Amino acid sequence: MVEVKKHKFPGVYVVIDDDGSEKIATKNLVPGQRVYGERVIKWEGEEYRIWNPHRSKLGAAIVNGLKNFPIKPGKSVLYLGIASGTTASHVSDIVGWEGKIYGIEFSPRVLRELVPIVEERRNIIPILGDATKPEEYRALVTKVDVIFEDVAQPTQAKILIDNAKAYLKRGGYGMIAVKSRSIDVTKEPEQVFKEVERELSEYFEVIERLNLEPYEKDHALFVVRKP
């Protein structure tokens, strides 16, 4: 009893599931592969994967009305903090075959989960690396359209600026999810986001700052433009 409607963002679909409630979903790029245990649904002939705002952040952002979403079919994106690939699989549905993703994940036991998945998803390169030392992935990657960063590190603002000089192509955008306590657990969140916003703006233009509650406590997702 689920009906799938197109969503303002290309490669993102809206679903109304049995109870009449709306949810968001991408279209499964590799039919018949469960990446994180996500609910899968079938519209006319094809699999769509519900993108749960609770297990994702890009996802919480989109449910919370994110206006700017640079990540579209065909786009190339450098994904810092890719992990098991929960959300990254979604942006791999959106990007599509004609797109490219470079995942960069610092901890090997975790990136490992993602590796066997990228066998059928030929548009993600799992790359073991430290998002702090961009140069140490230098030959692995190539200039991208967008930079997604979910890393929960204290330098993440700078981590994003450093990669942005290296890999983010002029006119492209970046997006970063900030976990307040991660930067400072002493100072007040709207103050952390203040400082992060000023820091970011020395390099970028900050065009959007979208608080992430109810799904995450004290996180916000900035989207910035590289001039």
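Residue numbers here begin at 1 and follow the sequence given.
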* Would you mind checking where the Cα B-factor of residue 118 ranks among the modelled residues of its chain, as the lowest, middle or highest third? => highest
* To do: Could you look up the Cα B-factor of residue 52 in the entry and say which third of the chain it sits in: lowest, middle or highest?
  => middle
* Looking at the C-alpha B-factor of residue 73, is it in the lowest, middle or highest third of its chain? -> middle
* Asked: Split the chain's modelled residues into thirds by Cα B-factor; is residue 98 in the lowest, middle or highest one?
  -> highest
* Asked: Which third of the chain does residue 107 land in by C-alpha B-factor: lowest, middle or highest?
  -> lowest
